[PDB]
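> Task: produce atomic coordinates for the following.
(3 chains, ligands or ions: 8)
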Amino acid sequence: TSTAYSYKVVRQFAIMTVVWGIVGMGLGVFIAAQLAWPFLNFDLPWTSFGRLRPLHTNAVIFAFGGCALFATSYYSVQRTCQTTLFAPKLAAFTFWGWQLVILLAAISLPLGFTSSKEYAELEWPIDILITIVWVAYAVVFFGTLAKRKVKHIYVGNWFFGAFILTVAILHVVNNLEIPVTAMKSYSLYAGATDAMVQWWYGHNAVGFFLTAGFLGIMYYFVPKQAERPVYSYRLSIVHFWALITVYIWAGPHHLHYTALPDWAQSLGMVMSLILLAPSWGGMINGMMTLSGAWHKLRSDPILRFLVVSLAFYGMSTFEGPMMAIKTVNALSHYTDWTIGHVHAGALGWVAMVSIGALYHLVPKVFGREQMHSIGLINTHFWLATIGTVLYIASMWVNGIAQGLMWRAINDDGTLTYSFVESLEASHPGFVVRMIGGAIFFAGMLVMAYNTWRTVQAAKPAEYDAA
Amino acid sequence: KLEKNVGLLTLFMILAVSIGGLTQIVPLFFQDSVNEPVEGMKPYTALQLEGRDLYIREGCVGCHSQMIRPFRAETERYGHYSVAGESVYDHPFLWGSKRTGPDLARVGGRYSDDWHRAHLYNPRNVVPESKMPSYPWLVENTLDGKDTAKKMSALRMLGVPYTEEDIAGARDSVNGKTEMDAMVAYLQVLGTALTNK
Amino acid sequence: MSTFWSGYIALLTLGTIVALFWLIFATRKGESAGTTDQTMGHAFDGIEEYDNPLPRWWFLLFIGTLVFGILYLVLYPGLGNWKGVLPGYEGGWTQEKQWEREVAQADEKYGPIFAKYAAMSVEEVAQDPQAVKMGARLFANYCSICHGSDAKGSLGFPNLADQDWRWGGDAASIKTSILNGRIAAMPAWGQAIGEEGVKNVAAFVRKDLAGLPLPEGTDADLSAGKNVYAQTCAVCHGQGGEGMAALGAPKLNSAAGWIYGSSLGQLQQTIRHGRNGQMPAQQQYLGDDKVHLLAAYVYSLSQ
Ligand code: HEC
Ligand code: HEC
Ligand code: HEC
Ligand code: HEM
Ligand code: HEM
Ligand SMILES: [Ca+2]
Ligand SMILES: [Ca+2]
Ligand SMILES: [Cu+2]
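Numbering: from 1, shown residues only, chains lettered A, B, ... in the order given. Ligands and ions are numbered 1, 2, ... in the order given. The structure is reproduced below:
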């Protein structure tokens, strides 16, 4: 029998997406505040900024983004090819497995156990666990594909598929490390080589985890919510293969004008610029899909999210290539500009798209026809947008100020500004950003409240067969 | 068409996605300039190594780059632009990606130990407008040197030419020293290797 | 780079570029001129898809980036060992060579200026308003973090703005301080002199030398202090507490210039455990030129 989608796992990951969203973004607000008002460090090792930071980072990407991807792919794949998830128990494992990972991150990082590698900060025993959970996830996803009904595999799953495999490779390679003790390992690599392995991993983390994986989301939810066909199949092909291949090369745009050899740096810029095309093929395909149905934007705030989501995606896949030009990175690198780019993509693209996707799916998965309050989806939307824009704006101001101030020479060749002067210049920015994030965070609470109210709804949920 | 073929798609993906990794990372394993240590440079001493791991645990990297870019103004502000050879024994590398505080690639001997101690204990206390967290626990904590031996052995295995002399009694180079002692020792070696070769 | 890895890179790089051009043109095959519509066979849940063409502009943007990629890889290092063809740079462009040039050009510009002040004595530079402005700017960059942004110091760190100098305040002394650094050594008297001994000299130094009043009912033996001071302290600080600039022993007949506080308790700690001030040498970080200007700047401060 069994021909009714396995909605159990999707339900768990959905809820947990909202929970980690809150925890992750809360932490974000908190460390933002620390940068403004250092007393919030509290002279405690576990609550100081240096240790909390990678918690925000891992919480927000792997916990929030992660769960969003699980909830999204498990929902999307099942329907997009019309069978129950392959091995529903192995998928259940990947839930608790993943939760255990996040919980270990929460305990381990403020405790000081970090590899220092950005977005790979968790120590070796946790990297073993991750690999196990990931392999299990790969089997659940690709298995579901392997036992589909239709001859064709939806382009949404090309992206998911890619993301899954390539994150697996990435994760294993960049975490090769000799264990010294329980929670301490040394990287296999050093110096320039380590830097390259790191940013090959680092960029392709957002390249595939935060771009590819989420374009999979976009490809299901934009058309499904809009109820239109996907403008240009062909674009999907080019835009997919070109992205999947060019993105890997973008590693070196992190290490511009560093000890990384010149040749690699260039290879990074050149391919980062090439990448602009395939990236936009994503947003073109998503937005032109809405053509004719633009009137739905005043009507449906869930669609608003998805669309505005692409606006920021587009912007940050433009900004990225620009900042990957050596001369631009020459100003941008080390400054708050990078953080702005990050959050534009992070709040504006990743968060917005997954918000929208959840708002769509959460009711469905809880055997319920829609969210509790559509008005709160709209008020969420505005908080989330105002929030994102403030954050971006304050980081551009800060980043330009920093870049400029650091390199500012006088008429007699001497450096114009002390580093502390640049620090001071940044304070207003640090505060606006803290408010910007706070506002964004408030919207997440509005989501939590909304989701919860809708979850009370029915209790023998499960309404989804053919 | 490869979109009805589950394994064919899988294979071409794992293929497509590999090219950049193979072309950027692999050749660096074999490039000389990024594996040669700078002239006279030694591995980190037991204490320095122990402090580097303290720097790592505290998240210092999150606010501090160790990578001077070859521009005049960076040069003027911090010193000689960082060189591939300087970080050749850095498992893992600690070039930054952010400068909330200044670059530390050459904090060198630019400040006294005494300053470093005061400043880590409470940066606002010496640099009133600092946004750096206070790190007073570094003073209350004592290294026992239990694992220093293992760490060096591990790192030698990874290429770092620690002597048998180094590993033997890396413990008693470290035992009884405070975390703050170790942090300062580490900071005082940063970038010194280049400017005294 | 060996010549194998050199080709290895170039081939895979250009191979990917050739690959992309192929991809872009291959899927652009029987393209439907414009926005067309119609669907395709087979749906997924509900999702269906138009067989629409690649947008003309997006195609060109893709070709733009690819063409530029070649253009750049020809002009600049990247394709393996392929040193650039970029004009103006002899032997091809590297980030190093670009820096060499940048500094070299700065030296042709700011060189004469530095040269001009280097020819003058420290005090001559100090009465040149332009130079002082530069000294001030140098100071803010390399000194402000220890000696304050106002140059007025803080606990542990001399105020360079005042008229009190530990190592002497003539130009030559000031230049030496900055050029060669300075380490002071107030030895510890705790063990040597006894706890009561410490308490007494401290009180003596505070009341009788520095002319500060003693906290209420602190029965110290000032006579003892006086004697302790003459026996031990006076050798470096001069009896009378005039200080000795040779040793960086600061004057004790005025708390004005003290960097370790002036409270009885603080004196007691200085006296009991010693002090080792360090002013780091700048000869290496800044070089003779910058240092000369900085000496002029500091000299200027006090007038
Ligand atoms: C922190 C590491 C400092 C750096 C950076 C700078 N100075 Fe300094 N300086 C420092 C101390 C702790 C002392 C006192 C040393 C002692 O005797 O205990 C000093 C002293 C000087 C002096 C001598 C003042 C005197 O009384 O004779 C000068 C002229 C001086 N410092 C100048 C100076 C300049 C120009 C600096 C920037 C290039 C600078 N100092 C940096 C501590 C530190
Ligand atoms: C984020 C906030 C951090 C944290 C996590 C660290 N530091 Fe720093 N740091 C920060 C700022 C804004 C400044 C400038 C103001 C000041 O000097 O206090 C600094 C400064 C330093 C310095 C002096 C650098 C110089 O002037 O050349 C050092 C040596 C330093 N910080 C060290 C350091 C260590 C060891 C850290 C981990 C315990 C650390 N910092 C963290 C901001 C931040
Ligand atoms: C020989 C060297 C001596 C001896 C015998 C004494 N002093 Fe001390 N002293 C000396 C130096 C070079 C310095 C400067 C230390 C530094 O800047 O790091 C000092 C300092 C002091 C101070 C502090 C002044 C301040 O607050 O800035 C005091 C209070 C002081 N010395 C007192 C003192 C007494 C009471 C002594 C006899 C017991 C004595 N000194 C001896 C050098 C030397
Ligand atoms: C919602 C409110 C948020 C706030 C207030 C916030 C704040 C911050 C702050 C203060 C930092 C450190 C900045 C610095 O060192 O200058 C940071 C880093 C980061 N955050 Fe957030 N964040 C938020 C949400 C998110 C979300 C949803 C994501 C999802 C991906 C995210 C991803 C990141 C990443 C990747 C970094 C590291 C940036 C880097 O290493 O350059 N953040 N965030
Ligand atoms: C066309 C695709 C993109 C390109 C070429 C690109 C390029 C760049 C560049 C040049 C930097 C600065 C590196 C540095 O100076 O340190 C950067 C930082 C970053 N970007 Fe992107 N970006 C792209 C898309 C995105 C998107 C959509 C996101 C959103 C998730 C994102 C997330 C990040 C993060 C997290 C960092 C900081 C990593 C660090 O801590 O150094 N990128 N990116
Ligand atoms: Ca890891
Ligand atoms: Ca960063
Ligand atoms: Cu990147």
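> all contacts plus neighbour counts: C-alpha atoms, from now on.
Noted.
> Smallest gap between the stretch 351-466 of chain A and ligand 5, at which residue?
Ligand 5 sits closest to residue A:351 of the stretch 351-466 of chain A, with a gap of 9.2 Å, by C-alpha to the nearest ligand atom.
> Pull the contacting residues for that residue.
Contacts of residue A:351 were listed using C-alpha atoms under 8 Å, 6 or more residues apart in numbering or on different chains, and they are residue A:65.
> what does residue C:284 give?
By C-alpha under 8 Å, 6+ apart, residue C:284 lies in contact with nothing.
> State the distance from it to ligand 1.
According to C-alpha to the nearest ligand atom, to the nearest Å, residue C:284 stands 11 Å off from ligand 1.
> Surely that residue is within a strand?
No - counting by DSSP: H, G, I helix; E, B strand; the rest coil, residue C:284 is not part of a strand but coil.
> quick one: it from residue C:181, how far?
Distance of residue C:284 to residue C:181, given as C-alpha to C-alpha, to the nearest Å: 11 Å.
> Give me the residue at the spatial middle of chain A.
Most central in chain A under C-alpha atoms, centre = their mean is residue A:210, positioned 4.0 Å from the mean C-alpha point.
> close enough to count as contact, that one and residue A:64?
No - between residue A:210 and residue A:64 there is no contact under C-alpha atoms under 8 Å: 11.0 Å.
> Could I get the contacting residues of the residue in chain C that chain B sits nearest to?
Closest contact between chain C and chain B, by C-alpha to the nearest C-alpha, is at residue C:1 (5.1 Å). Residues in contact with residue C:1, defined by C-alpha under 8 Å, 6+ apart, are B:30-32, C:80-81.
> cool, and residue B:34?
A:191-193, A:260-261, B:28, B:84-85, B:88.
> With residue C:182 instead?
Contacts of residue C:182 (C-alpha under 8 Å, 6+ apart): C:277-281.
> Check the stretch 151-300 of chain C for the residue nearest ligand 1 and tell me.
residue C:277 (3.0 Å).
> Can you give me the distance of the nearest residue to that residue once chain neighbours are set aside to residue C:272?
Once flanking residues are discounted, residue C:277 sits nearest to residue C:184: 5.1 Å by C-alpha to C-alpha, 6 or more residues apart in numbering or on different chains. The gap separating residue C:184 from residue C:272 is 16 Å, by C-alpha to C-alpha.
> swap in residue A:145?
When residue A:145 is compared with residue C:272 (using C-alpha to C-alpha), they lie 78 Å apart.
> Any part of the lengthiest helix in chain A near chain B?
In chain A, taking DSSP state H as the definition, the longest helix is helix A:375-407. Yes - using C-alpha under 8 Å from any C-alpha of the partner chain, helix A:375-407 reaches chain B at A:406-407.
> Show me what counts as buried in that helix.
Neighbour-count burial for helix A:375-407, counted by 16 or more other C-alpha atoms under 10 Å in any protein chain shown, picks out A:376-378, A:380-385, A:387-407.
> Now do the strands in chain A.
A:177-181, A:184-187 (DSSP state E).
> partners of the shortest one in the sheet?
When you say that, I think you mean strand A:184-187. strand A:177-181 (antiparallel) (DSSP bridges).
> So which residues of the stretch 201-303 of chain C form strands?
Secondary structure of the stretch 201-303 of chain C (DSSP state E, counting those that start in this stretch): strands at C:278-279.
> Relative to ligand 6, which residue of it is the closest?
residue C:285 (37.4 Å; C-alpha to the ion).
> Contact partners for that residue?
B:79, B:110.
> Check which helices and strands the longest helix seen in chain B is in contact with.
Longest helix in chain B by number of residues (criterion: DSSP H): helix B:46-58. Judged by 3 or more C-alpha pairs under 8 Å, 6 or more residues apart in numbering or on different chains; DSSP states H and E, helix B:46-58 is in contact with helix A:49-58, helix B:148-157, helix B:171-174, helix B:179-187.
> Dump that helix to CSV, keeping only the CA atoms.
Provided in CSV are the C-alpha atoms of helix B:46-58 (Å, rounded to 0.1, in the frame of the first residue of the first chain):
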residue,chain,number,x,y,z
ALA,B,46,55.6,24.5,22.8
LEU,B,47,54.4,27.6,24.5
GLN,B,48,53.7,29.5,21.3
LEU,B,49,51.9,26.5,19.9
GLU,B,50,49.9,26.2,23.0
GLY,B,51,49.0,29.9,22.8
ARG,B,52,48.1,29.6,19.1
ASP,B,53,45.6,27.0,20.1
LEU,B,54,44.3,29.5,22.7
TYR,B,55,43.9,32.2,20.0
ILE,B,56,42.0,29.6,18.1
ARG,B,57,39.7,28.6,21.0
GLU,B,58,38.9,32.2,21.9
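> That one: what's the following helix or strand?
Sequence order places helix B:72-78 as the next helix or strand after helix B:46-58, per DSSP states H and E.
> just checking, what packs against the very next helix or strand once past that next one?
Counting by DSSP H and E, the element after helix B:72-78 in chain order, helix or strand, is helix B:113-121. If you count contacts as 3+ C-alpha pairs under 8 Å, 6+ apart, helix B:113-121 packs onto helix B:123-126, helix B:137-140, helix B:179-187.
> Can you tell me how far the residue of chain C closest to chain B is from residue C:81?
Separation of residue C:1 from residue C:81 (C-alpha to C-alpha): 7 Å.
> Pick out whichever of residue C:184 and residue C:272 has more residues nearby.
For residue C:184 versus residue C:272, neighbours defined as other C-alpha atoms under 10 Å in any protein chain shown are more numerous around residue C:272 (23 against 17).
> Not counting sequence-adjacent ones, nearest residue to the more buried one?
Per C-alpha to C-alpha, 6+ apart, closest to residue C:272 is residue C:190, 4.0 Å.
> quick one on the thing from earlier: quick one: which of the contacts of residue C:1 is nearest to chain A?
Among those, and counting by C-alpha to the nearest C-alpha, the member closest to chain A is residue C:80, at 6.5 Å.
> show me what contacts the closest one?
By C-alpha under 8 Å, 6+ apart, the neighbours of residue C:80 are A:263, C:1, C:5-10.
> Much appreciated, bye for now.
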